[PDB]
Structure formats: C-alpha cells, structure tokens
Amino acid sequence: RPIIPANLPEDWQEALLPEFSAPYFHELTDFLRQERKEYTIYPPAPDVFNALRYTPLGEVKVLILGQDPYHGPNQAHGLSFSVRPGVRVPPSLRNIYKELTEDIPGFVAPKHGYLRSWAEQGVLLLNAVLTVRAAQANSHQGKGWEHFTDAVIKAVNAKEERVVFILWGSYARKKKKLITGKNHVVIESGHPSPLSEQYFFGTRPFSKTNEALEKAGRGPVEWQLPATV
C-alpha cells in the first residue's frame, strides 16, 4: 500500500503520489522505522514533511535546498534551517543572518530562528535528505531520500512561472541538472554552516533571488523576520 503522509496540500499529494507508492520509498520508510527504533532521529516523525505542508506546490516561488536537518536536540522541525521560538539560533542560521544583513539593506537579524514567515511567502525550505541520526551529519545520506527530493525538485521545475532555486552545499547542488525549466533560475554556493562558510559568505543569494523574481513579474520575498514570534 502507498505510505502517504497526512495533511499535505492536494497539489503535493497529486504530484508526489507515485513516490509514496514506489518500492524505493517503501524501503526508505522501513529503514527509517528501524533507525527510529535503535537511535534518536531528527526531526520528529510528525514534522518530516512540514516544508510541503507550509508551502503548497502552487505557491512555491523560491526553493531553498540544504543538506540534511539539524542533528541536535529540539532543533529541526521540517523547515530547513528554522528553529522554534525559544530555541538558540544555530550557527548556520547565524551565518544566514550575517549574509542577509550585508546583502539586503535594512535587514535586522532577530533574536529567534523561526522561519515560518518565509514559508508563508512561497519559500520552500527543503533539505536534500529529510532525516538525520542525532549527532551525525549526513548519516541518512544515500538511503532513498534523494530520489524523493529529486521528485520534489522535478515537480517544482515543471511549473511554468519562474522559481528561484537556491542550492546550498555539495549534496544540494547534485540537483542542479534537474532544473531545466526555461524560466527558472539557479543560485548555488557552499552551505552556510561555519564549516563551509568561506564558500557561502559574499554570494548574495537573497538579493539575486529578489532581482530574478522581479524581472519575471513575481513579487520579491520579504526577507525581514518579525522581531518576536
């Protein structure tokens, strides 16, 4: 039987039905059940598909693709790079904020790390791999997620209206060949982790995104976050 996540927007359910029905996805699911039995796996299972829940396929105008979820306790909750109200801003997101402060005039980094207000504007906050074992970055690489996130990329690429794809890191950048739509734009760099920050700083992805959207008659993203959440 297909293993279909609950409460997805209908457009995602229709686009991704073949994935939820596929043998590779059944095998990925079985592996993840074993992993959750034997280890602490992030994010919590109810949150794994939250990026799709918060940004319907029809609303996507920017697709941010990181590597894999944050791998410490109470960090990841399915929107890449985001943390819940109350949670310390992780290093990657501190670096995102540093780059925004330089790239977008007037951006003021808030004390929180909650990025829901970006998802609500059409920014799909994805990672190439959607789960991780505690303390072990990229521990779930190469187990089936990449086929599923290829399918997500492909569904967005099939849209006619311009989407900006921002590929952060080597693993996310493997998706570049799938982005063939004539109206789409790809921005790529190193990941914003402090361990790769020399490959991220100065790449101006936020302004480049807004310029591309504007030239296509799409509205820019409001990158400023609320001061409190």
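Heads up: residue numbers just count along the shown sequence, starting at 1.
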Compare the mean C-alpha B-factor of 104-112 with that of 122-130 as given in the PDB entry, and name the stretch with the higher value. 104-112
Averaging only over Cα atoms, indicate whether 154-162 or 133-141 has the higher B-factor in the PDB entry. 154-162
Residue, from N183, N50, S193, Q67, that the PDB entry assigns the highest Cα B-factor: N183
Using the temperature factors of the C-alpha atoms in this entry, rank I179 within its chain: lowest, middle or highest third. highest
By its CA B factor, does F200 count among the lowest, middle or highest third of the modelled residues in the chain? middle
Assigned third (lowest, middle, highest) for the C-alpha B factor of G78: lowest
